[PDB]
2 protein chains.
Amino acid sequence: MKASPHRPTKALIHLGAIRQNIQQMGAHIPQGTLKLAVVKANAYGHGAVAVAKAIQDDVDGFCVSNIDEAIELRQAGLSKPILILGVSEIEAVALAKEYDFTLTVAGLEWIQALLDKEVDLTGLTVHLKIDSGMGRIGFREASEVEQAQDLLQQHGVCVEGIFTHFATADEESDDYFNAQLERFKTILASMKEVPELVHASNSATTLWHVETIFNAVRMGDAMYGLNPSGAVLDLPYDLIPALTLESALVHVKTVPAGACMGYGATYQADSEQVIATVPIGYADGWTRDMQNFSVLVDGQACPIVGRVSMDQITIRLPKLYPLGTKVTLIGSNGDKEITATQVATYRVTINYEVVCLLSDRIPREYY
Amino acid sequence: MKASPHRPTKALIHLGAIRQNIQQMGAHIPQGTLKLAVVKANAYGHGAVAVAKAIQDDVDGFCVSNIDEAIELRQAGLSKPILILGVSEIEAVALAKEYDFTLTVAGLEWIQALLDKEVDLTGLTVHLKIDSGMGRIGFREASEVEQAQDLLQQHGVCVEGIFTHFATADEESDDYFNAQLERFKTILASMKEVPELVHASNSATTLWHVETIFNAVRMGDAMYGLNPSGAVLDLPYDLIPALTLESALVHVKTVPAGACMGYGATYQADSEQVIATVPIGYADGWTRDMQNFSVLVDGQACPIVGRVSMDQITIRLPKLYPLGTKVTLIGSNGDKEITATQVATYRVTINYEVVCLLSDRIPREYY
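Definitions and cut-offs
Residues numbered from 1 in each chain as written, not as in the entry; some residues may be left out. Chains lettered and ligands numbered in written order. Heavy atoms only, no water. UniProt positions renumbered as here; feature names shortened; annotations may be inferred. Helix = DSSP H or I, 4+ residues; strand = E, 2+ residues; numbered from the N terminus. Buried < 20%, exposed > 50% of the residue type's maximum accessible area, 1.4 Å probe, protein only. Contact = heavy atoms within 4.5 Å. Pairing = 2+ DSSP bridges. Axes fitted to C-alpha atoms, helices over the stretch in contact; angles between N-to-C directions. Least-squares fit on C-alpha atoms. Salt bridge = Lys/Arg side-chain N within 4 Å of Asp/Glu carboxyl O. Domains from an automatic or database assignment. Buried area = accessible area lost by both parts, 1.4 Å probe.

## Some details on the UniProt feature "binding site: substrate" in chain A
Link 1 in the chain: Residues annotated in UniProt with the feature "binding site: substrate" correspond here to A:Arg136 and A:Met310. These residues run over 175 residues, and the two farthest C-alpha atoms among them are 34.0 Å apart, placing them at more than one spot.
Link 2 in the chain: Position of A:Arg136 relative to the elements: it lies in the loop between β6 (125-129) and α7 (142-154).
Link 3 in the chain: Its place among the elements puts A:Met310 in the loop between β16 (300-303) and β17 (313-317).
Link 4 in the chain: You can call A:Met310 buried: its relative accessible area is 3%.
Link 5 in the chain: The contacts of A:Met310, once residues within four sequence positions are left out, are A:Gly281, A:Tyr282, A:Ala283, A:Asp284, A:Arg361, B:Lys40, B:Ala41, B:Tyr44, B:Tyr352 and B:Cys356.

## Concerning the sheet that holds strand β8 (residues 197-201) of chain A
Residues and elements named next belong to chain A.
Link 1 in the chain: With respect to topology, 8 strands assemble into a closed barrel ordered β2-β3-β4-β5-β6-β7-β8-β9, the strand pairing being parallel. With direction set aside, neighbouring strand axes in the sheet form an average angle of 30°.
Link 2 in the chain: Looking at chain direction, strand β2 (residues 34-38) and strand β3 (residues 61-64) are connected through 3 bridges and run parallel. Across the sheet, residue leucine 36 finds its bridge partner in β3, namely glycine 61.
Link 3 in the chain: Across the face of the sheet, helix α8 (residues 175-190) comes into contact with β7 (158-163) and β8 while running at roughly 170° to β8.

## A few points about the relation of the copies chain B and chain A
Link 1 in the chain: Once turned by 180° and shifted 0.1 Å along the axis, chain B lies on chain A with an RMSD of 0.4 Å. Both copies are brought into coincidence by an operation consistent with a two-fold rotation axis.
Link 2 in the chain: Both copies present the same face, since 99% of the interface residues in chain B are matched by interface residues at the equivalent positions in chain A.

## Digging into the pattern of salt bridges
Think of it this way: side chains of opposite charge can pair up when their charged atoms draw near.
Link 1 in the chain: For the structure shown, the criterion picks out 19 salt bridges over all chains.
Link 2 in the chain: Residues A:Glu365 and A:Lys10 are paired through a salt bridge, measuring 3.5 Å at the closest nitrogen-oxygen approach. Placement of A:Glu365 in strand β20 (residues 364-366) and of A:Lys10 in strand β1 (residues 10-13) is noted, with a sequence separation of 355 residues between them.
Link 3 in the chain: Classification of A:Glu365 as partly exposed rests on a relative accessible area of 36%.
Link 4 in the chain: Two residues, B:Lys185 and B:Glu182, come together in a salt bridge whose shortest N-O distance is 3.5 Å. Taken together, the positions of B:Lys185 and B:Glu182, both in helix α8 (residues 175-189) and 3 residues apart, correspond to about one turn of that helix.
Link 5 in the chain: Take B:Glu182: its relative accessible area is 44%, and that puts it in the partly exposed class.

## Thoughts on the domain arrangement of chain A
Residue and element names in this part refer to chain A.
Link 1 in the chain: The domains assigned to chain A are domain 1 (1-14 + 233-367) and domain 2 (15-232).
Link 2 in the chain: Put simply, the middle of domain 1 and the middle of domain 2, counted by C-alpha atoms, are 35 Å apart.
Link 3 in the chain: Buried surface at the junction of domain 1 and domain 2, summed over both partners, amounts to about 2500 Å²; 61% is from carbon and sulfur atoms.
Link 4 in the chain: At the surface where domain 1 touches domain 2, the tally comes to 0 salt bridges.

Structure representation (structure tokens):
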């Protein structure tokens, strides 16, 4: 989808909030700890380039999900280290050396495919991924790690770091987290040589298991001011939500009792009422399950009535308003606020998904 | 999100399927009927520019949701008429006039605001929207419409068309559909001068209510080979889905009973089994509610086990397969097929939203 600047629907991104969030996390981790800003998925829908430029001088490096996301940052002028967190294609070892990226290595088969293809590996920097119980990617046994470490170093790869990832750091129970931490430590303890940069901590590990931090933290959701646990756990200190989502009224009508709104005619006015149309819909990532959720107009909750269309929603207003009146979908308006977490809860999902699905059709504006 | 060509996740768009679907619709409507290709929301996530260029010679116009989508078509050299379906901003009308876009006009308040800005509207082409029971945008009263048509003509605006839209053309029951149709016809009958180009028919109306077609059809879902009713109604003739979604294995392991996958550790292997990782996740629009749905690998259904991550899913394979083995998420694979309708039903949504949410991180390739 192409950014639509001539439509009044927009996402506002408070870059200072992101900076402040990084500061508050910094104030609460040990002194030498490296801060890696996770800006995968276009900085969780906030804008990877604009966010990276705003905060570069405050972090030690970036993390992205794939090499194309890293390339995007390099082309824009970002100069700090970038770690690609997932598996890369064989056809991208050469690029890492040319753009100066660090790659994650997670399995023997992958290394053996790279060796078979006979690519030169000499300049390459990598981190080894350990699967300590997330079951997603990484070496699962100590012997596998060392065999991989031996084989990489001998083809001249620099094995710089080693990391794992936690599945349950954002839950009340700490049993699964503890089991993973111990697995990871035992695997590190059995290596004859441990890579110099060891890291395991996502946002939730940083916020609730601060005493378990290794040499770096990978800051995601918290950087954007989002509670990684959603509504489950209280933050140990305040985070400011970076992203706000707004639009305006483009049609306002009074309808008599009996009038139906939307596909399926699933909503029927029981009395005379004011119905307004707002130019956002599911192609913008305001999904169909937002029906009956409220937006804010002039400090008041207005329900989305009838089905969400591809490009438009109809809402019920408490009275007549002019064309162009501001609609707040995420953010504050009057004395009321809607958070991305509140949106995720309504949809039965997590705030990560809400912000990522905000489509590129909505322009991002920065302040 | 930026297209990631160095990752093996891609959407294949068969332009020949789209061509055949338009031809198929043409064969089942009167020979004189104009066909307008609806390519809002980046052609429902299929690629508005590439789809528009592929089919331009076979259609009489394009429909988009806003001026910026219209500009994107023009800047790529499309020359056919472009109708903007939703309300346009007042500040954007001068730009629209320079590009010869056809704008939708839906309310008197809007027209008044436009005239208050003293911008020259001479030669602007518009269509009037009639709300006949969609309750979204458009004139609801016969006299509202003629006041509008009069005000516009007095300022040199050319009123070329008039349209309405149906809320329930894709349902078994025809009651609401018929009331809308009669309301529309009653409106048109009450005007002293009906604009030349009358249209009302979306995909569902075109498919299931052929006898109701006016001068033109607006082809949406059916053009992409998608059943507008999902699984509710049988198609009157064959449609070929245009979009296939595929990826590849990037990690493969065998885990014993007891091993857990994904965030929250919500899936625990109850037997030794093969688990592979595929680089697609909810930031690509493969949403978290896809957990426990299956993808296809080597003609076999393989469930998504554990939570969907932002960039990755883990699936259970029936035996070992090498890295790079193709995964089909939407499309055919061996003797099996997964449709966007099946995906939609699983999520409790409609196929429109499935394809619209496939983010731009997925490159489109055109066949």
